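Single-structure report; data block below.
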Amino acid sequence: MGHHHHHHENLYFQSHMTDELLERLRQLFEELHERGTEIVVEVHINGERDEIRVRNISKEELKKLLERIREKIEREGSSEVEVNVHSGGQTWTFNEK
């Protein structure tokens, strides 16, 4: 009968235009990737929030986290923005001053 194992496709590029503060977020994602724990990427803008629980992921997975954050700052573009990274209880809030 058989079964084809998980396929791997290559995202050749990243969002390098907005990706400035986003790469700064990937520094923390790739840093925490050493343990690869429950990394919860939480994005509060105005009155909408977006919570992403990623537990034991790859470097190609976590690039999507900031690549989702770009979409939030595109649609809103508001000063009321909070990116909030959790990892085993440890919290960091990046706000546009």
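Note on naming: chains are A, B, ... as they come in the structure tokens, residues start from 1 per chain, ligands start from 1 in the order shown.
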
Exercise for review: Mind checking which residues fall within 12 Å of residue 64 of chain A, counting only C-alpha atoms, ignoring those fewer than 3 positions away in the same chain, and posting them as a PyMOL selection string?
Suggested key: chain A and resi 11+13-15+19+22-23+25-26+29+41+52+54+57-61+67-71

Could you save those same residues with N, CA and C atoms as a short mmCIF file (atom, residue, chain, number, x, y, z; two decimals), in the first residue's frame?
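Written file, result06.cif:
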data_model
loop_
_atom_site.label_atom_id
_atom_site.label_comp_id
_atom_site.auth_asym_id
_atom_site.auth_seq_id
_atom_site.Cartn_x
_atom_site.Cartn_y
_atom_site.Cartn_z
N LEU A 11 10.62 27.86 0.69
CA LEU A 11 10.28 29.28 0.55
C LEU A 11 11.57 30.05 0.26
N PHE A 13 12.37 33.02 -0.59
CA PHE A 13 12.51 34.40 -0.12
C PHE A 13 11.77 34.62 1.22
N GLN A 14 12.06 35.78 1.82
CA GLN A 14 11.37 36.32 3.00
C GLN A 14 10.87 37.74 2.64
N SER A 15 10.07 38.36 3.52
CA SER A 15 9.38 39.65 3.26
C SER A 15 10.31 40.88 3.43
N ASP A 19 10.45 43.60 6.61
CA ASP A 19 11.39 42.80 7.41
C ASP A 19 12.64 43.62 7.77
N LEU A 22 11.12 42.90 11.94
CA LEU A 22 10.69 41.49 11.85
C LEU A 22 11.88 40.53 12.01
N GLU A 23 13.03 40.84 11.36
CA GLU A 23 14.27 40.06 11.52
C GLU A 23 14.74 40.09 12.98
N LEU A 25 12.78 40.20 15.44
CA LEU A 25 11.88 39.25 16.12
C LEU A 25 12.35 37.81 15.86
N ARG A 26 12.91 37.55 14.64
CA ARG A 26 13.44 36.23 14.28
C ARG A 26 14.73 35.93 15.05
N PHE A 29 13.27 34.40 18.03
CA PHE A 29 12.66 33.09 17.66
C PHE A 29 13.74 32.01 17.48
N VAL A 41 3.52 33.51 20.06
CA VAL A 41 3.65 34.81 19.40
C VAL A 41 2.28 35.49 19.39
N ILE A 52 -0.31 32.73 18.48
CA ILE A 52 0.25 31.58 17.73
C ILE A 52 1.08 30.72 18.70
N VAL A 54 3.44 27.78 18.97
CA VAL A 54 4.32 26.87 18.21
C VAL A 54 5.26 26.13 19.19
N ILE A 57 9.25 23.47 16.69
CA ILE A 57 9.13 23.83 15.26
C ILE A 57 10.52 23.96 14.61
N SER A 58 10.52 24.12 13.28
CA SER A 58 11.75 24.33 12.48
C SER A 58 11.98 25.83 12.22
N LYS A 59 13.18 26.16 11.68
CA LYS A 59 13.58 27.55 11.35
C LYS A 59 12.75 28.12 10.18
N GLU A 60 12.28 27.20 9.32
CA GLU A 60 11.41 27.51 8.17
C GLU A 60 9.95 27.72 8.62
N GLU A 61 9.61 27.20 9.82
CA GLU A 61 8.28 27.38 10.41
C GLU A 61 8.20 28.75 11.10
N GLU A 67 6.35 36.76 9.44
CA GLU A 67 5.72 36.87 8.13
C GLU A 67 4.17 36.90 8.25
N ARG A 68 3.63 36.53 9.43
CA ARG A 68 2.21 36.80 9.79
C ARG A 68 2.06 38.19 10.43
N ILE A 69 3.08 38.60 11.22
CA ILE A 69 3.08 39.91 11.93
C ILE A 69 3.07 41.08 10.91
N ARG A 70 3.80 40.90 9.77
CA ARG A 70 3.81 41.88 8.65
C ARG A 70 2.36 42.16 8.19
N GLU A 71 1.55 41.09 8.11
CA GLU A 71 0.17 41.14 7.60
C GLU A 71 -0.71 41.97 8.54
#

Long-range neighbours of residue 82 of chain A as a PDB file with C-alpha atoms, in the first residue's frame, 9 Å cut-off, only C-alpha atoms, 2 positions minimum in chain:
ATOM      1  CA  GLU A  42       0.895  37.239  20.448  1.00  0.00           C
ATOM      2  CA  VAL A  43       0.059  40.377  18.394  1.00  0.00           C
ATOM      3  CA  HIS A  44      -2.280  42.991  20.011  1.00  0.00           C
ATOM      4  CA  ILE A  45      -3.141  45.848  17.572  1.00  0.00           C
ATOM      5  CA  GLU A  80      -1.247  50.761  18.957  1.00  0.00           C
ATOM      6  CA  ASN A  84       4.506  39.599  22.614  1.00  0.00           C
ATOM      7  CA  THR A  93       6.680  42.973  24.719  1.00  0.00           C
ATOM      8  CA  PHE A  94       7.980  44.870  21.627  1.00  0.00           C
ATOM      9  CA  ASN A  95       5.919  48.104  21.204  1.00  0.00           C
ATOM     10  CA  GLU A  96       6.486  50.880  18.599  1.00  0.00           C
TER      11      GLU A  96
END

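Those residues of segment 2-95 of chain A that DSSP, working from the backbone, places in alpha helix (DSSP H) are residues 21, 22, 23, 24, 25, 26, 27, 28, 29, 30, 31, 32, 59, 60, 61, 62, 63, 64, 65, 66, 67, 68, 69, 70, 71, 72, 73, 74 and 75 of chain A.
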
Residues from last step as file, N, CA and C atoms, as a PDB file, in the first residue's frame:
ATOM      1  N   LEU A  21      12.390  45.266  11.609  1.00  0.00           N
ATOM      2  CA  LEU A  21      12.010  44.936  12.993  1.00  0.00           C
ATOM      3  C   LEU A  21      11.568  43.463  13.086  1.00  0.00           C
ATOM      4  N   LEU A  22      11.123  42.896  11.944  1.00  0.00           N
ATOM      5  CA  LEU A  22      10.688  41.491  11.854  1.00  0.00           C
ATOM      6  C   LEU A  22      11.879  40.525  12.014  1.00  0.00           C
ATOM      7  N   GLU A  23      13.026  40.842  11.362  1.00  0.00           N
ATOM      8  CA  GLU A  23      14.270  40.055  11.516  1.00  0.00           C
ATOM      9  C   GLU A  23      14.741  40.094  12.979  1.00  0.00           C
ATOM     10  N   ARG A  24      14.573  41.270  13.624  1.00  0.00           N
ATOM     11  CA  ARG A  24      14.860  41.464  15.059  1.00  0.00           C
ATOM     12  C   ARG A  24      13.995  40.529  15.935  1.00  0.00           C
ATOM     13  N   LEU A  25      12.776  40.197  15.444  1.00  0.00           N
ATOM     14  CA  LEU A  25      11.875  39.248  16.120  1.00  0.00           C
ATOM     15  C   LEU A  25      12.355  37.808  15.865  1.00  0.00           C
ATOM     16  N   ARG A  26      12.906  37.552  14.644  1.00  0.00           N
ATOM     17  CA  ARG A  26      13.445  36.226  14.280  1.00  0.00           C
ATOM     18  C   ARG A  26      14.732  35.927  15.051  1.00  0.00           C
ATOM     19  N   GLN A  27      15.443  36.978  15.507  1.00  0.00           N
ATOM     20  CA  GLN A  27      16.633  36.805  16.355  1.00  0.00           C
ATOM     21  C   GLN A  27      16.227  36.123  17.666  1.00  0.00           C
ATOM     22  N   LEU A  28      15.086  36.568  18.226  1.00  0.00           N
ATOM     23  CA  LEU A  28      14.523  36.004  19.459  1.00  0.00           C
ATOM     24  C   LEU A  28      13.927  34.599  19.199  1.00  0.00           C
ATOM     25  N   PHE A  29      13.266  34.399  18.029  1.00  0.00           N
ATOM     26  CA  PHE A  29      12.659  33.089  17.658  1.00  0.00           C
ATOM     27  C   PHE A  29      13.743  32.006  17.483  1.00  0.00           C
ATOM     28  N   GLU A  30      14.810  32.362  16.742  1.00  0.00           N
ATOM     29  CA  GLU A  30      15.969  31.487  16.463  1.00  0.00           C
ATOM     30  C   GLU A  30      16.803  31.236  17.725  1.00  0.00           C
ATOM     31  N   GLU A  31      16.813  32.224  18.630  1.00  0.00           N
ATOM     32  CA  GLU A  31      17.474  32.111  19.936  1.00  0.00           C
ATOM     33  C   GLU A  31      16.747  31.066  20.802  1.00  0.00           C
ATOM     34  N   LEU A  32      15.418  31.245  20.945  1.00  0.00           N
ATOM     35  CA  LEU A  32      14.539  30.355  21.739  1.00  0.00           C
ATOM     36  C   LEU A  32      14.400  28.963  21.085  1.00  0.00           C
ATOM     37  N   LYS A  59      13.178  26.156  11.682  1.00  0.00           N
ATOM     38  CA  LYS A  59      13.583  27.546  11.354  1.00  0.00           C
ATOM     39  C   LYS A  59      12.747  28.117  10.184  1.00  0.00           C
ATOM     40  N   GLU A  60      12.276  27.203   9.322  1.00  0.00           N
ATOM     41  CA  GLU A  60      11.407  27.515   8.172  1.00  0.00           C
ATOM     42  C   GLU A  60       9.945  27.715   8.622  1.00  0.00           C
ATOM     43  N   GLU A  61       9.609  27.195   9.816  1.00  0.00           N
ATOM     44  CA  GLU A  61       8.281  27.376  10.411  1.00  0.00           C
ATOM     45  C   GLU A  61       8.196  28.746  11.098  1.00  0.00           C
ATOM     46  N   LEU A  62       9.224  29.083  11.910  1.00  0.00           N
ATOM     47  CA  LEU A  62       9.196  30.305  12.737  1.00  0.00           C
ATOM     48  C   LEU A  62       9.374  31.600  11.917  1.00  0.00           C
ATOM     49  N   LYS A  63       9.927  31.494  10.685  1.00  0.00           N
ATOM     50  CA  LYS A  63       9.998  32.650   9.767  1.00  0.00           C
ATOM     51  C   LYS A  63       8.570  33.109   9.383  1.00  0.00           C
ATOM     52  N   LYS A  64       7.619  32.146   9.380  1.00  0.00           N
ATOM     53  CA  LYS A  64       6.203  32.412   9.091  1.00  0.00           C
ATOM     54  C   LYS A  64       5.564  33.274  10.190  1.00  0.00           C
ATOM     55  N   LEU A  65       6.098  33.212  11.435  1.00  0.00           N
ATOM     56  CA  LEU A  65       5.528  33.943  12.595  1.00  0.00           C
ATOM     57  C   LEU A  65       5.569  35.461  12.349  1.00  0.00           C
ATOM     58  N   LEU A  66       6.774  35.974  12.047  1.00  0.00           N
ATOM     59  CA  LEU A  66       6.998  37.395  11.720  1.00  0.00           C
ATOM     60  C   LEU A  66       6.382  37.756  10.353  1.00  0.00           C
ATOM     61  N   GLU A  67       6.348  36.757   9.444  1.00  0.00           N
ATOM     62  CA  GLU A  67       5.724  36.867   8.129  1.00  0.00           C
ATOM     63  C   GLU A  67       4.169  36.897   8.249  1.00  0.00           C
ATOM     64  N   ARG A  68       3.628  36.530   9.435  1.00  0.00           N
ATOM     65  CA  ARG A  68       2.212  36.797   9.786  1.00  0.00           C
ATOM     66  C   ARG A  68       2.062  38.188  10.431  1.00  0.00           C
ATOM     67  N   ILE A  69       3.079  38.605  11.222  1.00  0.00           N
ATOM     68  CA  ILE A  69       3.081  39.913  11.926  1.00  0.00           C
ATOM     69  C   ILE A  69       3.074  41.083  10.914  1.00  0.00           C
ATOM     70  N   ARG A  70       3.796  40.900   9.772  1.00  0.00           N
ATOM     71  CA  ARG A  70       3.811  41.877   8.655  1.00  0.00           C
ATOM     72  C   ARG A  70       2.365  42.163   8.189  1.00  0.00           C
ATOM     73  N   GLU A  71       1.545  41.091   8.114  1.00  0.00           N
ATOM     74  CA  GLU A  71       0.171  41.139   7.599  1.00  0.00           C
ATOM     75  C   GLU A  71      -0.709  41.974   8.540  1.00  0.00           C
ATOM     76  N   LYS A  72      -0.357  41.945   9.848  1.00  0.00           N
ATOM     77  CA  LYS A  72      -1.114  42.638  10.896  1.00  0.00           C
ATOM     78  C   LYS A  72      -0.826  44.146  10.814  1.00  0.00           C
ATOM     79  N   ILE A  73       0.460  44.498  10.625  1.00  0.00           N
ATOM     80  CA  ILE A  73       0.895  45.903  10.544  1.00  0.00           C
ATOM     81  C   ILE A  73       0.572  46.518   9.158  1.00  0.00           C
ATOM     82  N   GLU A  74       0.341  45.658   8.139  1.00  0.00           N
ATOM     83  CA  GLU A  74      -0.118  46.103   6.804  1.00  0.00           C
ATOM     84  C   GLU A  74      -1.586  46.539   6.869  1.00  0.00           C
ATOM     85  N   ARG A  75      -2.448  45.657   7.419  1.00  0.00           N
ATOM     86  CA  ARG A  75      -3.900  45.901   7.466  1.00  0.00           C
ATOM     87  C   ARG A  75      -4.263  47.039   8.442  1.00  0.00           C
TER      88      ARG A  75
END

Point to revise | Residue among A:6, A:16, A:97, A:53 lying closest to residue 85 of chain A, counting only C-alpha atoms | key: A:53

Exercise for review: Could you give me, as a PyMOL selection string, each residue of chain A that DSSP assigns to strand (DSSP E) when run on this structure's backbone?
Suggested key: chain A and resi 38-45+48-55+81-87+90-95
